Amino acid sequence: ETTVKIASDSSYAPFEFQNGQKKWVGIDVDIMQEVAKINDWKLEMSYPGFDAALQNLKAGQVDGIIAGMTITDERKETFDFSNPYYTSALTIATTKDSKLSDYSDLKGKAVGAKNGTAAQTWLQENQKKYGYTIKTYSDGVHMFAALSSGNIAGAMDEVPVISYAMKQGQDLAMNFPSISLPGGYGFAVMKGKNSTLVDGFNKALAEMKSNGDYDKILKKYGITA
């Protein structure tokens, strides 16, 4: 009878984004809506931005997150996750005119990531190996504005998000290797809390994968998994 409050990122096409009429759409939006329908939940979406969503979840202000959020072992110390619903892979986006193409080219350069993200964690873990500096951003609009302006030499983010932006004509390229994160994207709750939501997400996701509806969602955004 209570409302299920789910927070998401503010600009993360094709997973959550505003269309030309300002309506919130995307793969995550459609999946969560159909999960709620299957479970007869009252769903309340919010789109505060990824790191803000994490803070709201930690505060109990929302009950869960869906936001292209990679499942990782370190994250499982703080969150419980659903089964994965999409593959996860990171790469360094540059402008199209950049000639940087290998991680070794980043020595002494600034590389961006969004605060709270698996991308930020990768940059921290690999800084001693490659020797860049790290800049962090509240959301994708700020990170990619830093990239386009030239204040960072690269921006680490998910391959499907960068690719989709490129297909819209944005001044982005993917010259670097991809980093597979095997956990995939998951629906997240605070660890030890809201198991009813995780269970409902898992059962609905399996039904949607089995019955073809998951694939129809991806098709709306041009994608065959």
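Quick note: we count residues from 1 along the sequence shown, nothing fancier.
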Would 168 to 176 or 181 to 189 have the larger average of its C-alpha temperature factors, as given in the entry?
-> 168 to 176
Ranked by mean Cα B-factor in the entry, 92 to 100 and 76 to 84, top stretch is 92 to 100
Temperature factor at the Cα of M143, chain-ranked in thirds, falls in the middle
Chain thirds by Cα B factor, record data; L54 belongs to the middle
Third assignment of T133 from its chain's C-alpha B-factors | highest
Of the three thirds of its chain by CA temperature factor, lowest, middle or highest, which one includes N202?
-> middle
Chain-relative CA temperature factor third for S11 = lowest
